[PDB]
Amino acid sequence: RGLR
Amino acid sequence: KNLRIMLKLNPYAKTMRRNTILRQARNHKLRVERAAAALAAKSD
Amino acid sequence: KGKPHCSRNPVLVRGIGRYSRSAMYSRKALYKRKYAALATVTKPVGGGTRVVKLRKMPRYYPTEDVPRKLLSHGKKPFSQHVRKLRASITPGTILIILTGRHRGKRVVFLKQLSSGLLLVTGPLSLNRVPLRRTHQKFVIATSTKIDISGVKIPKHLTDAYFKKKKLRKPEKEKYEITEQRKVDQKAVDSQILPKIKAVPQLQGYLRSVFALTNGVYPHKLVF
Amino acid sequence: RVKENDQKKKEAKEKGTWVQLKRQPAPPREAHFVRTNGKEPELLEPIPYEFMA
Amino acid sequence: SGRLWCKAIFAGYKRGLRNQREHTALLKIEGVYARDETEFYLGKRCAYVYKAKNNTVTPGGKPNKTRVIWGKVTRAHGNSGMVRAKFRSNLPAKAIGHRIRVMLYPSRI
Amino acid sequence: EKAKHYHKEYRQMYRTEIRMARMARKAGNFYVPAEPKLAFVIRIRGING
Amino acid sequence: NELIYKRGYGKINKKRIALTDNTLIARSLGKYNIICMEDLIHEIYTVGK
Amino acid sequence: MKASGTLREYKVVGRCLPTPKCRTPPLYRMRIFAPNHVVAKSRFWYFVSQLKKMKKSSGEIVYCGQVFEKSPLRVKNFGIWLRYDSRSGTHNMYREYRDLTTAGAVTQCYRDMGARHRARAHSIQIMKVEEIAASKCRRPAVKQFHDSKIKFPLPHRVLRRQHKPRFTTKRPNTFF
RNA sequence: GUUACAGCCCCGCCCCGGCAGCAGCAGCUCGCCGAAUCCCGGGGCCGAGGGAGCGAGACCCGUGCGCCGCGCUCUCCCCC
RNA sequence: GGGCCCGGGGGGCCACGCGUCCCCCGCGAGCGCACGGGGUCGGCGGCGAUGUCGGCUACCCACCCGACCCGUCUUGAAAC
RNA sequence: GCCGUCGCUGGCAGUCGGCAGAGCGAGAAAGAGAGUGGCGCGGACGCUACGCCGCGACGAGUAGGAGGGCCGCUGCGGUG
Ligand SMILES: [Mg+2]
Ligand SMILES: [Mg+2]
Ligand SMILES: [Mg+2]
Ligand SMILES: [Mg+2]
Ligand SMILES: [Mg+2]
Ligand SMILES: [Mg+2]
Ligand SMILES: [Mg+2]
Ligand SMILES: [Mg+2]
């Protein structure tokens, strides 16, 4: 979720 | 012998090899500059 | 779309970049570059119109067929291979040809062609070797060099230029020197020849052939 | 050993700890310091042959 | 025109004292009498050249009685400059003590 | 990251042995290293007799 | 290092399998937390549990 | 022990394993000449066992290290006290050598003992090695080099390049 | 006989008296090593196997460079 | 020295969203290069109908290395 | 590299196609589960299952044992  | 085979088994090997290459080249650059200064010092 | 950018990771050694993952992460500014989630042609006919299949099923099938190969990597075609040149072969170097009708003759190395073959010239007037391709494995690179840095080699002198054309027979068919080649030979020779004559006894050296004689051993002598 | 094993196994359990129960072969000796105490070691030499016949 | 090959001798096959490996030939090269001098000749082409009764096609020429078995130097042998060579066919024992051409290609110089 | 950790561990083991010896030599004593825990064994003889 | 990288083969289902991939080690010694060649080299070199 | 190559001089220090009777057993030192340190420790245990109630099982090596020659650029005379077994007895010898290193002198002793007495290295015990002044040397082979104005030629110099060339036109000259 | 018209060894104080250097391209005066190790090159022998798929999907019927491992660039904007 | 190489006042990190509570103080897209689950060229040259091309093996010959005559009884056979 | 033997008492009936949807080799038990409420008509080979396929190790042999012979001979029932 953080990466996107 | 095969670099990409090593990274498949030990990805950290790429870090160690990159560090060695950068360190060894840096240590060589010091010895020439040290040596060059000494030779110039002798010429004085 | 954006224009391609040159790689921000310089090559340290083959397969290893200069910068680590986090170093490249910053250099590429990925902290702000975040992103989140026919077979037929209709034709009229003189029914009214027909749907035409662009590719038709085979009209024949052999009794047996071979299976598909497994997939490999690193097996490029010849045109995509990297070309290598011995460090002792620089433009203006004198080379000794070792094979063919021109064996033993000393020639001037001009450039390495895209296929990797060398381009050389006698020049023709000195040893009757024209603009001709030669393979590097079959030449000895001597230590004698003229400076041909100011010589303008025509750009059409490419691999396709020197590729042999097939001749047919049913008696015999003879090769002919096209008038273009003669013109190209003179243009290149006129620039190299004056530079050869600048070095004393060099034009005579290029006229003379190489041979092994009594007591002469290649591993002992410098070329 | 069984009784020592059975005692230790029971005791260690009520202390929530692990204690070795299996024997082991004698391990290689571990690193240590040997103090000279300011005394040079006594030099030893082979003695000359003597026919004590 | 002149010679373009080094002079070698077919000294014998690879062997112990009582076993012979005919697929490897021991070559003696004129002027090469130490192992550190054989380095130039590794990988170079070698030719056993001979004549027969019947004519055979000549590349770039018309049929004649010359025949050749090609090979190449594979490694040094011993301390005194002998090299091992391998040919497309095992050399004939009648070739022992006779000339083996060693070509100057594949050039590495 | 395990390999990164082992690299550090191996270095400390290598450096620690040198530091123990140096401090014993300083005091005039002898540091005796631990007997090795590992051996590699090669059979150098055949199987006849 | 060199012994296990060049000439290291695992005994997997009683067969001699080259350790060409890390999953080979992990499936057999994973229960001991040995999941890569480096974990295998660290268990051998330091004579672990 | 095989006297392979040039020997090195090792300083080996050992002791009995500490026990409740003697928590700090005394330390023993030996001069060992051997090809490698592995042989050096082995010979130590062979010598102390002959002098003490000790052996590898009931003792340990405390320090093994090579003793370096202290004046490798100065010529010295070395006296060597050794004992050895012949085919029919044991004997004590005193021998002398000239060398730059003490381990070089000891190597000469092994080659010399092998040449002149057919004594294998396993039957030789080097008891003592000393550096000796020119005035205390005893063997005339060593004393003839105690001359400040020493001079001598090199008669009959034999051709050692006898196969380069193997065949020549001129005969060799031995006088130079 | 004891530094003189050569030198050698030793010892005390001189920051272990000070400077290079450092198991030394004075290419051999004497070692052991590499998580404290990397780069490049040369010669020889060999090429066993042959349907590994990828993505579009029930709004699509494509394409035979595909796994794992390592990278690059774009989906931002500037400068040389 | 060890403490994710503790706490305070030029160079590499397999750090890089956030609302927070607070210890402490679940699918982005493409594109490309490859030391990446065993070789390919999307590289070339010469020669060929009456004397030449290929034909392991087989017919004959030569050479180098090897090589004692089988069956049998037998501890042991090329066995005088 | 190739041949055979042994072992895995290993894999393959899933060739489940337009009544379609291609996967189950991967470090770490058990569902590519089922539901109830809040244009083209196309897609290689395979499977004598006594068959076919994969992976690893191994291979001396008299006396002697066992297996397999699409080895060979004569005659008989069937079949070609
Ligand atoms: Mg001729
Ligand atoms: Mg035996
Ligand atoms: Mg014979
Ligand atoms: Mg009989
Ligand atoms: Mg009898
Ligand atoms: Mg018999
Ligand atoms: Mg007899
Ligand atoms: Mg058998």
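For the structure itself, consult the block above.
On to the pairing of strand 2 (residues 20–29) of chain E, then. All names here are of chain E. Judged from the 7 bridges that link them, strand 1 (residues 5–15) and strand 2 form a sheet pairing that is antiparallel. When the bridges of strand 2 are listed, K14 appears paired with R21. Linking two consecutive strands that pair antiparallel, namely strand 1 and strand 2, is a turn of 4 residues. As judged from the 3 bridges shared by strand 2 and strand 5 (residues 82–87), these two strands associate in the antiparallel manner.

This paragraph deals with the interface of chain B and chain C. On the side of chain C, 9 residues touch chain B, which itself brings 6 residues to the contact. For the pair chain B and chain C, the two sides together bury roughly 620 Å², of which 75% comes from carbon and sulfur. The three residues of chain B that bury the most area against chain C are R18, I21 and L22 of chain B, which together make up 65% of that side's buried surface. Joining chain B to chain C, the criterion identifies 0 salt bridges. At the surface where chain B touches chain C, the tally comes to 1 residue pair in polar contact. For the side of chain B that touches chain C, the leading source of residues is helix 2 (residues 12–43) of chain B, giving 5 residues. Its residues placed into classes, the side of chain B that touches chain C shows 3 nonpolar, no polar and 3 charged.

Facing 18 residues of chain E, the contacting portion of chain C comprises 22 residues. Carbon and sulfur atoms supply 66% of the area buried between chain E and chain C, which totals about 1700 Å² over both sides. For chain E, the biggest contributors to the area lost against chain C are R3, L4 and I109 of chain E; these three give 35% of the whole. Counting across the chain E and chain C interface gives 0 salt bridges. Grouping the amino acids of the side of chain E that touches chain C by side-chain chemistry returns 10 nonpolar, 4 polar and 4 charged.

As a further point, take the sheet that holds strand 3 (residues 59–67) of chain H. An order of 2(D)-2(H)-1(H)-3(H) is seen for the 4 strands of this open sheet, with the pairing classed as mixed. A single partner strand is all that each edge strand has here, and the edge strands are strand 2 (42–43) of chain D together with strand 3 of chain H. Here strand 1 (residues 8–16) of chain H runs beside strand 3 of chain H; their pairing, made up of 8 bridges, is antiparallel. Across the sheet, the residue bridging to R15 of chain H is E60 of chain H, located in strand 3 of chain H. Those strands touched by helix 1 (residues 37–51) of chain H are strand 1, strand 2 (27–34) and strand 3 of chain H, and its axis lies near 130° from that of strand 2 of chain H. The sheet contacts of helix 2 (residues 102–117) of chain H involve strand 1 and strand 2 of chain H, and relative to strand 2 of chain H the element is tilted by about 65°.

Near RNA strand I, the surroundings consist of 47 residues, among which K14 of chain B together with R8, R21, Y35 and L71 of chain C are the closest. Take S7 of chain C: an N or O atom from its side chain is 3.3 Å from a sugar or linking oxygen of RNA strand I. Between RNA strand I and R21 of chain C, the relevant distance is 2.5 Å, taken from a phosphate oxygen to a side-chain nitrogen or oxygen of the residue. Elements represented by at least two residues in the surface near RNA strand I include exactly helix 1 (3–9) and helix 2 of chain B, helix 1 (21–27) of chain C, strand 4 (64–77) of chain E together with helix 1 (2–26) of chain F. For the surface near RNA strand I, the element with the highest residue contribution is helix 2 of chain B, accounting for 8 residues. Taken together, the residues that form the surface near RNA strand I break down as 12 nonpolar, 12 polar and 23 charged.

Right, let's get into the protein's contact with RNA strand K. With respect to spatial proximity, 14 residues lie near RNA strand K, and among them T40 and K53 of chain C together with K15, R16 and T23 of chain G are the closest. The protein-proximal atoms of RNA strand K, defined as those within 4 Å of the protein, are 47% sugar or phosphate. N13 of chain G has a polar side-chain atom sitting 3.2 Å from a sugar or linking oxygen of RNA strand K. Within the contact set of RNA strand K, a base oxygen lies 2.8 Å away from a side-chain nitrogen or oxygen of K15 of chain G. In terms of residues, the surface near RNA strand K owes the most to one element, helix 2 (residues 22–29) of chain G, which gives 3 residues. Looking at the surface near RNA strand K residue by residue, the class counts come to 5 nonpolar, 4 polar and 5 charged.

Let's shift gears to a nonpolar patch on the surface. A contiguous nonpolar patch, built from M13 and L38 of chain F together with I44, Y45 and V47 of chain G and spanning about 450 Å² of accessible area, is present on the exposed surface. Take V47 of chain G: it is sitting in the segment after helix 3 (37–45). Assessed through its relative accessible area of 38%, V47 of chain G is described here as partly exposed.

The next point concerns the nonpolar core. All names here are of chain E. Counting residues in hydrophobic clusters, the biggest one holds 32 residues, and the most contacted among them are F10, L27, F87, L91 and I100. Counting only elements with at least two residues in this core, the list comes to strand 1, strand 2, strand 3 (45–56), strand 4, strand 5 and strand 6 (99–103). Tallying contributions element by element places strand 1 first for this core, with 4 residues. Ignoring sequence-local partners within four residues, the contact set of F10 consists of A25, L26, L27, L91, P92, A95, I96, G97, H98 and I100.

Conventions adopted
Residues numbered from 1 in each chain as written, not as in the entry; some residues may be left out. Chains lettered and ligands numbered in written order. Part of a larger assembly, values for the part shown. Heavy atoms only, no water. Pairing = 2+ DSSP bridges. Helix = DSSP H or I, 4+ residues; strand = E, 2+ residues; numbered from the N terminus. Contact = heavy atoms within 4.5 Å. Buried area = accessible area lost by both parts, 1.4 Å probe. Salt bridge = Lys/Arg side-chain N within 4 Å of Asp/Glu carboxyl O. Polar contact = N/O pair within 3.5 Å; in protein donor to acceptor, adjacent residues only side chain to side chain. Nonpolar A, V, L, I, M, F, W, Y, C, P; charged D, E, K, R; others polar. Axes fitted to C-alpha atoms, helices over the stretch in contact; angles between N-to-C directions. Near = heavy atom within 4 Å. Patch = residues over 30% accessible without salt bridge, like charges linked within 9 Å, V, L, I, M, F, W, Y side chains within 5 Å. Areas by Shrake-Rupley, 256 points an atom, 1.4 Å probe, with all protein chains shown as cover. Buried < 20%, exposed > 50% of the residue type's maximum accessible area, 1.4 Å probe, protein only. Core = buried A, V, L, I, M, F, W, Y, C linked by side-chain atoms within 4.5 Å.

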